[PDB]
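# Observations on the three-dimensional arrangement
Given next are the chains, with one letter for each unit.
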Amino acid sequence: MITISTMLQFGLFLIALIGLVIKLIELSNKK
């Protein structure tokens with residue numbers, strides 16, 4: 001089930017995962 005109110009939440013959830021991966025990947029390429 002998808003809703004407009006939850007629509008933002010759904011997008012946010014995916015975005016958070018992307019940020020985490022990007023942030024995590026930073027350690028791998030850390031300086």
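Notes on the structure in this doc start here. (Residues numbered from 1 in each chain as written, not as in the entry; some residues may be left out. Heavy atoms only, no water.)

### Comments concerning the overall build of the chain
Short version of the rule: In this text, helices come from DSSP runs of H or I with a minimum length of four residues, and strands from runs of E with a minimum of two, each type numbered from the N-terminal end. Residue exposure (1.4 Å probe, protein chains only): buried if accessible area is under 20% of the type maximum, exposed if over 50%, otherwise partly exposed. Every accessible area reported is derived by Shrake-Rupley at a probe size of 1.4 Å, with residue values counting cover from the shown protein chains alone.
When helices and strands are tallied, the chain shows one helix and zero strands. Each principal axis of the C-alpha atoms in the chain carries an extent, and together these give about 40 × 10 × 5 Å. Looking at the chain residue by residue over its 31 residues, the buried ones come to 0%. Of the roughly 3200 Å² of accessible surface on the chain, 80% is carried by carbon and sulfur atoms.

### Description of the pattern of salt bridges
Defined as follows: A side-chain nitrogen of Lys or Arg and a carboxyl oxygen of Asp or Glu constitute a salt bridge if their distance falls within 4 Å.
Taken as a whole, this structure holds one salt bridge when the rule is applied. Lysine 23 serves as the salt-bridge partner of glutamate 26, at 2.3 Å between the closest nitrogen and oxygen. With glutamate 26 and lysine 23 both in helix α1 (residues 4-28) and three residues apart, the pair spans about one turn of that helix. Accessibility expressed as a relative area gives 37% for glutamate 26, which makes it partly exposed. Residue classification places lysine 23 among the partly exposed residues on the basis of a relative accessible area of 48%.

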